[PDB]
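The structure appears below as structure tokens.
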Amino acid sequence: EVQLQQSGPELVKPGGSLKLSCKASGXXXXXXXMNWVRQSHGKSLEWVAXXXXXXXXXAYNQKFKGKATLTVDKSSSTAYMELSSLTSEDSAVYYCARXXXXXXXXXXXXXXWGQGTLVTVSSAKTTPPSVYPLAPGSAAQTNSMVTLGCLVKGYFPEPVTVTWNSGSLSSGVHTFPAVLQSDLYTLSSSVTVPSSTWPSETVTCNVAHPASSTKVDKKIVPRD
Amino acid sequence: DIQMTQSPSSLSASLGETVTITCXXXXXXXXXXXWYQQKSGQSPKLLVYXXXXXXXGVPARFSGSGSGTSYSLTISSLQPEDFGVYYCXXXXXXXXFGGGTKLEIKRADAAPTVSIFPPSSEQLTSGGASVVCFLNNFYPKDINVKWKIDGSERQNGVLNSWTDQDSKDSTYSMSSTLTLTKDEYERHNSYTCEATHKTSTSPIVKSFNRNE
Amino acid sequence: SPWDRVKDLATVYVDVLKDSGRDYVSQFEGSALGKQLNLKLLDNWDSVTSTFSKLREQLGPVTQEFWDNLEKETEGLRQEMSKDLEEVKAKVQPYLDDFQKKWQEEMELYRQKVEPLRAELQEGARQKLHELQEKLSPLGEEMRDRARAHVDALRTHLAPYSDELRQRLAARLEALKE
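Protein chains in written order, with PDB author numbering: chain H, 1 to 224; chain L, 1 to 212; chain C, 6 to 183.
Shown next as structure tokens:
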């Protein structure tokens, strides 16, 4: 089938440059025009530019007239997008989509989309997470269920995997998305456990940060 | 140089309820309009092209129409797969997209289960102190929380995180974290996490005393 | 003017070969596809130096003896050139048939890819299809490149044959001077 393979996630420091890959297969690369679309987190799709693979012609919009540059490699059948002097505002997900027209027209509907490449711009270094257990403390638990928390703070970069009791507690767990605070990510995870099982039985949250190759197990314990 | 504007910024509707999404054009486009359906954390998928021609695999529930400069996308009987984000595009001149329409499931209101946690001993040794408040399984997503320190509201140093709408129970969860220095944490005794929600007129109050 | 007959000999027996090839190119250049693609194939097709000028260069000096022999032996020259021309036309005919046949195959492939778009565009087909004449269109650029490749290949294929016909005509006229 026709598909587009994009490169993996990219991390670039502010003031640096970026280059994305978009490998095409199952069709003729030079036969159809290639598009690039930028989408920030929770934002609208934004058309960046288009490239004619056969001839190399490029059509940029006003937003990315000089900031972006499109190139094509005929031999490898891959399309490249280059950004100059990236900033924090350039952190978004970039798709490459093939024009639906069979070369007859340049600007048309986008038929097949690539999965997208995640781009994040930050000067922060790789930092292992800090995991802090969260216990009720006051022991004001008369409800049938007791909620325990796991706080992960000051790590870079994403993602971080949080599990409770090595995946034993699969239900009633809420893991919240990370939020950037002073170049470092931070999130919290909550688990709902029956009140009869804690603190009578141990409850532990497992935090994994493959970027730093760090695995930390924090057992939730009640206060004095 | 033609801009697409979608009137519904965000729409919540129950399953099987009709909903219309309108895309307005700054100039005549002579059809050549497309709609894309995007799921959470997913790539856009072509839904209908030429403003009236449904794509392959698209059910008959989806339909498009064109009346002048306002192109409309209509779904009569919603399905769980139909919920997501939708975009319109113009293909006459240089391509452009709309502002986006986020479609979400509408269900009965639920009370937020509020839990408040004092800063851990491990965090205190480092030098920081974060009070975490959890608000799980509530609908609708619209909710406001207040952090009261000995009866005084604080609007500084508080960061909130809203999760995506749950696939299982179609609810929402929120976590509010107030981060402050250890010295500032020890200047007060009672920290209260209160949230005002449509479920109850009186905000749900959870608090603790620093002196354990 | 005695030079009119000399020019007519070239126009009838050597130039008719290249003018036949120009008709094959102009058949597709002026068709519906050629107009839609904005093809410009005949802009640089005429020879820089005309075949009549080439004949005069090879026959610089001229005397009344040549003209007298021309009147007596034009019948023999006319018959020989006519026989040679028929040999070349039959020999180059399969290439001309190949040129038209391979071109017509592209027309069928092109039409089935653009006719569906005309129905979809409806009233916008006139202006939307104007992008097919620009650089950003992949198919339009491919068709124009293939159009240039075919016409230039045809021109170089029959070029030796036209030179051979002119050479025989020049040799026949050169022998009259003695």
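No residue lacks a Cβ here, since even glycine has one placed at the ideal position from N, Cα and C.
Within the 8 Å Cβ cut-off, does residue i reach chain H?
{"i": "residue 123 (chain L)", "result": "yes"}
{"i": "residue 83 (chain L)", "result": "no"}
{"i": "residue 136 (chain L)", "result": "yes"}
{"i": "residue 14 (chain L)", "result": "no"}
{"i": "residue 177 (chain L)", "result": "yes"}
{"i": "residue 205 (chain L)", "result": "no"}
{"i": "residue 43 (chain L)", "result": "yes"}
{"i": "residue 186 (chain L)", "result": "no"}
{"i": "residue 87 (chain L)", "result": "yes"}
{"i": "residue 161 (chain L)", "result": "yes"}
{"i": "residue 62 (chain L)", "result": "no"}
{"i": "residue 190 (chain L)", "result": "no"}
{"i": "residue 58 (chain L)", "result": "no"}
{"i": "residue 118 (chain L)", "result": "yes"}
{"i": "residue 132 (chain L)", "result": "yes"}
Are the C-beta atoms of residue i and some chain L residue less than 8 Å apart?
{"i": "residue 36 (chain H)", "result": "no"}
{"i": "residue 137 (chain H)", "result": "yes"}
{"i": "residue 209 (chain H)", "result": "no"}
{"i": "residue 78 (chain H)", "result": "no"}
{"i": "residue 41 (chain H)", "result": "no"}
{"i": "residue 44 (chain H)", "result": "yes"}
{"i": "residue 224 (chain H)", "result": "yes"}
{"i": "residue 151 (chain H)", "result": "yes"}
{"i": "residue 120 (chain H)", "result": "no"}
{"i": "residue 191 (chain H)", "result": "no"}
{"i": "residue 115 (chain H)", "result": "yes"}
{"i": "residue 147 (chain H)", "result": "yes"}
{"i": "residue 184 (chain H)", "result": "no"}
{"i": "residue 198 (chain H)", "result": "no"}
According to the neighbour-count rule (16 or more other Cβ atoms, all chains shown, within 10 Å of its Cβ), is residue i buried or exposed?
{"i": "residue 124 (chain C)", "result": "exposed"}
{"i": "residue 213 (chain C)", "result": "Because chain C is modelled from 6 through 183, residue 213 (chain C) falls outside the range shown and cannot be assessed."}
{"i": "residue 37 (chain C)", "result": "exposed"}
{"i": "residue 114 (chain H)", "result": "buried"}
{"i": "residue 47 (chain H)", "result": "buried"}
{"i": "residue 72 (chain C)", "result": "exposed"}
{"i": "residue 189 (chain L)", "result": "exposed"}
{"i": "residue 38 (chain L)", "result": "buried"}
{"i": "residue 36 (chain H)", "result": "buried"}
{"i": "residue 236 (chain H)", "result": "Here chain H covers residues 1 to 224 and nothing more, so residue 236 (chain H) does not appear."}
{"i": "residue 44 (chain L)", "result": "buried"}
{"i": "residue 136 (chain L)", "result": "buried"}
{"i": "residue 104 (chain L)", "result": "buried"}
{"i": "residue 194 (chain H)", "result": "exposed"}
{"i": "residue 6 (chain H)", "result": "buried"}
{"i": "residue 8 (chain C)", "result": "exposed"}
{"i": "residue 78 (chain H)", "result": "buried"}
{"i": "residue 123 (chain L)", "result": "buried"}
Tell me, which residues are paired with residue i by DSSP?
{"i": "residue 259 (chain H)", "result": "Nothing about residue 259 (chain H) can be reported from this structure: the residues present for chain H run from 1 to 224 only."}
{"i": "residue 36 (chain L)", "result": "L:46, L:87"}
{"i": "residue 104 (chain C)", "result": "According to DSSP, residue 104 (chain C) bridges with nothing at all."}
{"i": "residue 123 (chain C)", "result": "Residue 123 (chain C) pairs with nothing; no bridge assigned."}
{"i": "residue 116 (chain L)", "result": "L:133"}
{"i": "residue 64 (chain H)", "result": "Residue 64 (chain H) pairs with nothing; no bridge assigned."}
{"i": "residue 115 (chain C)", "result": "According to DSSP, residue 115 (chain C) bridges with nothing at all."}
{"i": "residue 217 (chain L)", "result": "Residue 217 (chain L) lies beyond the residue range present for chain L, which begins at 1 and ends at 212; the question has no answer from this structure."}
{"i": "residue 209 (chain L)", "result": "L:190"}
{"i": "residue 80 (chain H)", "result": "H:21, H:71"}
{"i": "residue 215 (chain H)", "result": "H:208"}
{"i": "residue 10 (chain H)", "result": "H:119"}
{"i": "residue 195 (chain L)", "result": "L:145, L:204"}
{"i": "residue 113 (chain H)", "result": "H:97"}
Among the options, which has the Cα closest to the Cα of residue i?
{"i": "residue 97 (chain L)", "options": "H:83, H:59, H:38", "result": "H:38"}
{"i": "residue 208 (chain H)", "options": "H:183, H:157, H:198", "result": "H:157"}
{"i": "residue 78 (chain L)", "options": "L:123, L:67, L:60", "result": "L:60"}
{"i": "residue 164 (chain L)", "options": "L:67, L:139, L:183", "result": "L:139"}
{"i": "residue 177 (chain L)", "options": "L:67, L:168, L:192", "result": "L:192"}
{"i": "residue 162 (chain H)", "options": "H:84, H:74, H:181, H:186", "result": "H:186"}
{"i": "residue 182 (chain C)", "options": "C:44, C:30, C:63", "result": "C:63"}
{"i": "residue 171 (chain L)", "options": "L:183, L:109, L:117, L:121", "result": "L:109"}
{"i": "residue 59 (chain C)", "options": "C:126, C:68, C:109, C:11", "result": "C:11"}
{"i": "residue 170 (chain C)", "options": "C:89, C:158, C:117, C:142", "result": "C:89"}
{"i": "residue 68 (chain L)", "options": "L:23, L:175, L:84", "result": "L:23"}
{"i": "residue 129 (chain H)", "options": "H:218, H:20, H:1, H:13", "result": "H:218"}
Only counting runs of 4 or more residues, tell me where the alpha helix (DSSP H) segments fall wholly within the segment 119-182 of chain H, in order along the chain. Runs of alpha helix (DSSP H) with 4 or more residues, each lying fully within the segment 119-182 of chain H, are absent.
Going residue by residue through the segment 129-162 of chain C, where are the continuous beta strand (DSSP E) segments of at least 3 residues, counting only ones entirely within it? Fully enclosed beta strand (DSSP E) runs of 3 or longer: not present.
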